[PDB]
Structures are given as structure tokens and as C-alpha cells.
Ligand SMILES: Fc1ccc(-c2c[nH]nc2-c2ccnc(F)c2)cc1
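Here's a solo chain for you in C-alpha cells, the form deposited without this ligand.
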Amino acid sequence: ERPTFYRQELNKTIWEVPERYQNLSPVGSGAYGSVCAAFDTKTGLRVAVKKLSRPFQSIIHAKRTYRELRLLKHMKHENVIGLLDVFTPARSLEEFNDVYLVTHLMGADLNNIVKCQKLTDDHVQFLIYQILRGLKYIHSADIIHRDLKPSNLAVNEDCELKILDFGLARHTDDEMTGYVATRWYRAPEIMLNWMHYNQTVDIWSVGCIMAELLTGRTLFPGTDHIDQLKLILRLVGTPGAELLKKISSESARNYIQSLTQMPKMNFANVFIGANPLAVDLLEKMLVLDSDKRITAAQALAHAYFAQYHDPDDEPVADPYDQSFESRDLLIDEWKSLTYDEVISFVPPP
């Protein structure tokens, strides 16, 4: 059952994929990786195929490849990107040096669709419903997206949404620097490294997406980390003494206390004309103290989603075993674990 593969040059690299995959063409400005759209003749689905190129060139690359393939194989929810196929042209471990990952092709990301545009309330309901329903799941598997922004929500022409990139986020100093969308969605505890963080960081990010869809404006379009934080504290207010205690970075805690105290603003005088149910929800997602933000499961029950909420159709995941993260292994060792996971792979129905 080893299929026939054919060769094609795309993205200035040779792609070698099963015959079932036809009409490959690069998508994104290169924004998503080496990703091509293709037709799967075997399932009749349009798919995105991502080739990981020379993916075991270092220990850190052999472990990312493994981590992405683990994450991907774990996720089976309508609103989360998952694997329809993984393959390699390799006939053995010896020969293993390329992994291709196949998932659904939705066609665009939220970014392209809505940039600079204000969405109607029922449109925002449905898109955020799906983000929280997707995140309910992610979070139940004990995984943290950590980098939830519009560009890595994949959306089709029916405004159906799959979340991309959960658990992989590792931007450098310079990608996070200045006036850049790659930071406008980050929870302050994470942008400024205040504490040992958990999953509540992704509900902060939904709060930012949700406000932008509702007003057509970036919520916190900071020109740098500090300017962005100043933008944050002015709306939600400066930390209380409760929160300052939980800020384990003494360094960051000391700079925070430097700032002149400000009250939390009135969200109804910010989000003028907006469904009060939207504003109530914004209010409980955009709380500075991470321990007190609303959760994905709690938010799904909120009245604002009265029209979509079904408690028996909002599933959870099995646990995700990330014990491998705390493990220091050789290149061959990650490679072999990654091989194991490819050949053991089972298609969905």
C-alpha cells in the first residue's frame, strides 16, 4: 500500500507527493510556510499541503517537526486544524528527510477577509462562537495556543473557521518589535513575561479579535511593548495589589508600580452602539488578572451565543501527553519518533 509519487518543482524546491494530490499551487505570500493548495481526488476535498524541508537539520528542528506532527495528529474537532494525511517519499528511516502534512483548505485567513472592516453582530457571534468552541477543545487537551491572532484562523466562504498554529509559536525578539500585528493580540503577562503562564492567555486574544471584528479597529495597536501596555492599562486599569503579588517577575512588578494608577474604563462608552451582551463578554474576557478571565467553556454558555450554543455539541479532547517537551534527545532520536508517527498514521472517515 505504498502509493506512487510524482515530482514537481514549486517554491524553488522539488515536491514529491502521492498521485492522489493534483493541481498543486503555492498559497500565502509564503506567510504560512511552504504550503500549496491541492485537490485530493481520493476524498474530493481541497487541501493545504505543507512540506517541512530538511526538518532534522538541528536538534531544535527535529523537535519542532516532532512537536508539530504530535499536535496535528491529536486534534480532531471541526474548529481546529487537523491532519487528513501525513506522508513521506522515504522507503525507510535511513532515507527519511521530508515530511508533508495535509489538512483542510478553507481558502483564506480572517485577516484578509475582515481587515479594516466592521462586522455585523450576528456575523461576530458565529465567528467567535467557533473560536471559543475550538479553544474549549484545545484547552481540554491541556494545550495553549499562545499566538491566537486573525492570520492563523482559517475561514471558508461560509464563515466556517478552523484554528491554525496552536502550540508552535516561537517568534524572535525582532518579529515582536514595534508596530506589529504579531503582538497586538498578546496577553500582557506574556508580552512582558510577568509570570509562569497558562491558558487564559488565549481568552485575552479572543477579546482583542472580538473588539476588532465589532469596531473594525485594532483594540491595542501599540507602537512597541510599553506603548501597547499603556494602551492596555488605560482601558482595563492598572493592576490591583492582588494581581501585583502574582506577578513573579520582580523586575516587571517594580516597573508596573511606577505607573500612575488608573481606573478601568466604561466598555459601553468605548464600544458604543454594541450589543450589551457583546460588551458584557468583552468585559469578562479582557480582565488583566489572568486567574479571573472567563474561560472558553464558561464563555460558550454566555447569553451572547444563545443562538449557537448547544451543550452536547461542544466536545472536549483526550489529554495531550507533552512529556516529550521536558526531554533532551539526539537528532536521530526525534527523527525516529517522527518516523514512527508518520507510518502509524490513520486517516479519518
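In this text, rigid core is short for the largest set of C-alphas that superpose within 1.5 Å between two forms. Note that residue numbering begins at 1 and tracks the sequence as displayed.
- Compared with other PDB entries of the same protein, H171 is missing from at least a third of those that resolve the residues around it.
- Across the other compared structures of the same protein with both neighbouring residues present, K115 lacks coordinates in at least a third.
- Stretch comparison (190-198 versus 211-219) by mean CA B-factor in the PDB entry places 190-198 on top.
- Look at the mean CA B-factor for 82-90 and for 242-250 in the entry; the higher one is 242-250.
- Across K162, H171, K230, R183, the entry's maximum B-factor at the CA atom is seen for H171.
- Out of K50, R293, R54, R67, the entry records its largest CA B-factor for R54.
- When the modelled residues of the chain are ordered by their C-alpha B factor, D224 lands in the lowest third.
- In this PDB entry, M285 carries a Cα temperature factor that places it within the lowest third of its chain's modelled residues.
- For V114, the recorded CA B-factor ranks within the highest third of the chain. Only modelled residues enter the ranking.
- Annotation for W204: CA B-factor lies in the lowest third of the chain's modelled residues.
- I59 sits in the highest third of its chain by CA B factor, as recorded in the PDB entry.
The protein also exists as the form solved in complex with this ligand; that form is not presented, and the subsequent description refers to it.
- Within 2.4 Å of backbone or C-beta atoms of the shown chain, at least 3 atoms of this ligand land once it is superimposed from its position in the deposited complex; the pocket counts as blocked.
- By the criterion of a heavy atom within 4.5 Å, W194 is counted among the residues contacting this ligand in the deposited complex.
- Heavy atoms of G222 never reach within 4.5 Å of this ligand in the deposited complex, leaving it off the interface.
- Not displayed here, this ligand is kept clear of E283 by more than 4.5 Å at the level of heavy atoms in the deposited complex.
- Of the heavy atoms in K246, some are within 4.5 Å of this ligand in the deposited complex.
- The stretch among 275-283, 262-270, 183-191, 211-219 whose residues place heavy atoms within 4.5 Å of this ligand in the deposited complex is 183-191.
- Just one of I256, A141, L127, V99 comes within 4.5 Å of this ligand in the deposited complex, counting any heavy atom, and that one is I256.
- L229 is the sole member of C159, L229, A90, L235 with a non-hydrogen atom lying within 4.5 angstroms of this ligand in the deposited complex.
- With contact defined as any non-hydrogen atom lying within 4.5 angstroms of this ligand in the deposited complex, the contacting residues in 266-292 are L288, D289, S290, given in sequence order.
- For the residue set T120, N269, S92, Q117, core-aligned C-alpha shifts between this form and the one not shown reach 2 angstroms or more at a single site, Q117.
- In a rigid-core overlay of the protein, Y32 has its C-alpha displaced by at least 2 Å between this form and the one not shown.
- When two forms of a protein are overlaid on their rigid core, residues whose CA moves 2 Å or more are considered shifted, and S249 is one of them between this form and the one not shown.
- Cα of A31 to Cα of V99: at least 3 Å shorter in the deposited complex than in the shown structure.
- In the deposited complex, the CA atoms of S29 and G82 sit closer together than in the displayed form, by at least 3 angstroms.
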